[PDB]
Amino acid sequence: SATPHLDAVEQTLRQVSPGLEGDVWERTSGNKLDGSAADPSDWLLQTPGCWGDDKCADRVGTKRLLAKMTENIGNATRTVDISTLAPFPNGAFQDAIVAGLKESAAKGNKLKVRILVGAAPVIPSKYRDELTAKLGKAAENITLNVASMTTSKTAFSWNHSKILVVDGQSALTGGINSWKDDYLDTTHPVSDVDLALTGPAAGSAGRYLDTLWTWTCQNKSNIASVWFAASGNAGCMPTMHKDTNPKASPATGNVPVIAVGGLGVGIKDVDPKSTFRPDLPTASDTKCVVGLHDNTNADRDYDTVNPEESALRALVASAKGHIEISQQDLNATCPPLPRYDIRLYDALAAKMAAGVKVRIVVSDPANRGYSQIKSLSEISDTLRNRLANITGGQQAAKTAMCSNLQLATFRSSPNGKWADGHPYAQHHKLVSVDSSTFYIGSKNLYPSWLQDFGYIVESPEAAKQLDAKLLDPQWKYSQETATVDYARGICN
């Protein structure tokens, strides 16, 4: 097959979540990574994109990101569909949205617009008011829905997807929250990444958002769950995508993609169609406390409504040569979450035991919002212990790990911190295998029970661009913090 990695992932998803095919995950063909003529790699919306410079003077990444947001929205003829994590977009992110909506209104278009945020237990109506003011006459051309939602207080579940879909044709998604203080107006900007695509896979994102809004509209009169605000006399639009855009979006290229998300906890308890029967591993030191219910490692039904967890573990399992992972963290803060995904660490171990190389780069613990560990030893110890189960003991586990792992914290310049003294924070949710197939999205690899979304893209050309523009510069500067690095025999 031309697509061995997606074939494997697709087969797993159809066993895990068959009833959610089309809506929460979907394989499509005919897509395009949406870069410019001049710089074809700039579908890769990294921020800040100021490699080598501890002062971050020339933020080519940030400029392109904000410009691409405006360009895509300004091309809307029917719908704009945005999700993110609260707070609502501010600063130049909000400016970009407003600018795009004004551009589309002046080209003559009448638009339906939804903006959904996930929130912890006045904000939505205030945001609607601010946007309506900033739009001026353009607001006459726009039917707006704005909502903040929480699906489970007890499971800490709410939207965390970060999606911008226009006309079901174009989609931007990834790890970037629309937060001016963390990303923009700061001399220690967070390092993150979104991708831009067009084609049928943008339709998949539209159907995911209909899934979320269908729940949101149903629960709009439950004030523990949902705060909703609309323009004028407009009702809630649970199915704007299905009602307004073509069931299959037009084709734009030749790129195969798997869209995959999850429903967290509190929208749907199980996929009734699923006959998935997982062999669940044995835990030990993930569930720091006894009373906690562990959806990541010990809840089959949870898997069936959260195909993305399985998808990421299958993507790892598909690698023949090498895997690069760039995350904020691999481990979560316990309680209330378990420390780590046992199956993920087992899949990485299985790979290293077979001589497939694994790179993990995470955020500097000196950040501990943007870190949940004290030391990289909390990742290497865990990997070693899981390797021990399949190499016959601790010595043979350490050897396999030191021969096949690169483990480090992130830097983007020769300096150990930003010039302003603040550590580098990284927030990517990125996995690439084989210079071939990659995930960019909102789903962290650390235990999390949220609604998330991303794309798995199989395109060697695109993956090489990802190497050149992000992973290679990343390892160039980050490798100086490595505790394990097989390529230089480092083994601490």
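In this text, rigid core is short for the largest set of C-alphas that superpose within 1.5 Å between two forms. The numbering used is simple: start at 1 and walk along the sequence shown.
Engineer: Please pick 217-225 or 275-283, whichever has its Cα atoms farther from the shown form in 6 other deposited structures of this protein after a rigid core fit.
Structural biologist: Farther on average in 6 other deposited structures of this protein: 275-283.
Engineer: Rigid core superposed, root mean square over structures and residues, which stretch has C-alphas farther from this form in 6 other deposited structures of this protein, 284-292 or 91-99?
Structural biologist: Once the cores are fitted, 284-292 deviates more in 6 other deposited structures of this protein.
Engineer: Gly416: absent from a third or more of the other PDB entries compared?
Structural biologist: No.
Engineer: Quick one: is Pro365 left out in at least a third of the other entries we compared?
Structural biologist: no, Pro365 modelled in all other entries.
Engineer: Scan the PDB entry between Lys273 and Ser274 and report the missing deposited residues as one of none, 1 to 3, 4 to 9, 10 or more.
Structural biologist: Missing in between: none.
Engineer: Can you count the deposited residues that have no coordinates between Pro121 and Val122 and report it as none, 1 to 3, 4 to 9, or 10 or more?
Structural biologist: Gap between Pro121 and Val122: 4 to 9 residues without coordinates.
Engineer: Using the B-factors recorded in the PDB entry, average over the C-alpha atoms of 53-61 and of 29-37, then report which stretch comes out higher.
Structural biologist: The recorded data point to 53-61.
Engineer: With respect to the recorded C-alpha B factors, which stretch has the higher mean value, 243-251 or 391-399?
Structural biologist: The stretch with the larger average C-alpha B-factor is 391-399.
Engineer: In terms of recorded Cα temperature factor, pick the maximum from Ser170, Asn297, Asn219, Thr173.
Structural biologist: Checking the PDB record, the top C-alpha B-factor among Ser170, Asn297, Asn219, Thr173 is at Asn219.
Engineer: From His322, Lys268, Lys417, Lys112, can you pick the one with the highest C-alpha B factor in the entry?
Structural biologist: If I rank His322, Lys268, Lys417, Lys112 by C-alpha B-factor, first place goes to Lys417.
Engineer: Per the entry's values, where does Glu21 land by CA temperature factor relative to the rest of its chain, in the lowest, middle or highest third?
Structural biologist: For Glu21, whose C-alpha B-factor we compare with every modelled residue in the chain, the answer is the lowest third.
Engineer: Please place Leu13 in the lowest, middle or highest third of its chain according to the CA B-factor in the PDB entry.
Structural biologist: For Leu13, whose C-alpha B-factor we compare with every modelled residue in the chain, the answer is the lowest third.
Engineer: Taking the entry's C-alpha B-factors for this chain, is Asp210 in the lowest, middle or highest third?
Structural biologist: Bottom third by C-alpha B-factor.
Engineer: Which third of the chain holds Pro335 when residues are ordered by C-alpha B factor: lowest, middle or highest?
Structural biologist: For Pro335, the deposited C-alpha B-factor lands in the highest third.
Engineer: Could you say whether, by C-alpha temperature factor, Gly136 belongs to the lowest, middle or highest third of its chain?
Structural biologist: Top third by C-alpha B-factor.
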